[PDB]
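no sequence on this one, just coordinates:
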């Protein structure tokens, strides 16, 4: 796996249950969930006038 | 105007997470139906104000 997959698994499943444990004041995640990233090329956009 | 699944995934979980930690709380339950509304009942220890 990769660090995006590990972070996605951590946020989706682990943290949610860890917060439920007794005495857990808070949980701060140092990773981000998976998302659909559209990296746009500005040069191509102007070519089509968009 | 939403299914019970949408409300459960979007609303109920966030509220119940914080509701879990209230003082003198015997337990807490949540209900969601096809009426577009969700309820969360927190039952506290007997004798609580």
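On my side now, so go ahead. Numbers count the residues shown, from 1 in each chain, chains lettered A, B, ... in the order given.

what about residue 17, how many neighbours?
Just going to use chain A. Counted by other CB atoms under 10 Å in any protein chain shown, the residues lying close to residue A:17 total 10. For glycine as for every other residue, the C-beta is placed from the backbone atoms N, C-alpha and C.

look at chain B instead
If we define neighbours as other CB under 10 Å, then residue B:17 has 12 of them.

if I read this right, it contacts residue A:17, doesn't it?
No. In this structure residue B:17 lies outside contact range of residue A:17 using CB atoms under 8 Å: 11.1 Å.

for residue A:34, see how far away the residue lying closest to residue B:44 once chain neighbours are set aside is.
Nearest non-adjacent residue to residue B:44, counting by CB to CB, 6 or more residues apart in numbering or on different chains: residue B:24, 5.0 Å away. Between residue B:24 and residue A:34 the distance, using CB to CB, to the nearest Å, works out to 40 Å.

ditto for residue B:8
Summarising the geometry, the distance separating residue B:8 from residue A:34, computed by CB to CB, is 21 Å.

and the two? which has more neighbours close in?
Between residue B:8 and residue A:34, counted using other CB under 10 Å, residue B:8 has the larger neighbour count: 15 against 12.

just to revisit the earlier point, so what's the residue nearest to residue B:44 up against?
Residue B:24 makes contacts with B:44-45, B:48, as judged by CB atoms under 8 Å, 6 or more residues apart in numbering or on different chains.

tell me which helix or strand the most centrally placed residue in chain A sits in.
What sits nearest the mean C-alpha location of chain A, by CA atoms, centre = their mean, is residue A:33, with 2.0 Å. Secondary structure assignment for residue A:33, by DSSP states H and E: no helix or strand.

show me the contacts for it.
Contacts for residue A:33 were tallied using CB under 8 Å, 6+ apart; they are A:7-8, A:11-12.

also residue B:26?
B:43-46.

so it: helix, strand or coil?
Here residue B:26 is recorded as strand under DSSP: H, G, I helix; E, B strand; the rest coil.

cool, and residue B:30?
Applying three-state DSSP: residue B:30 is strand.

same thing with residue A:31?
Each residue gets one of three states, and residue A:31 gets coil by three-state DSSP.

I'd guessed it sits against residue A:5; true?
No. Assessed by CB under 8 Å, residue A:31 is found out of contact with residue A:5, at 9.9 Å.
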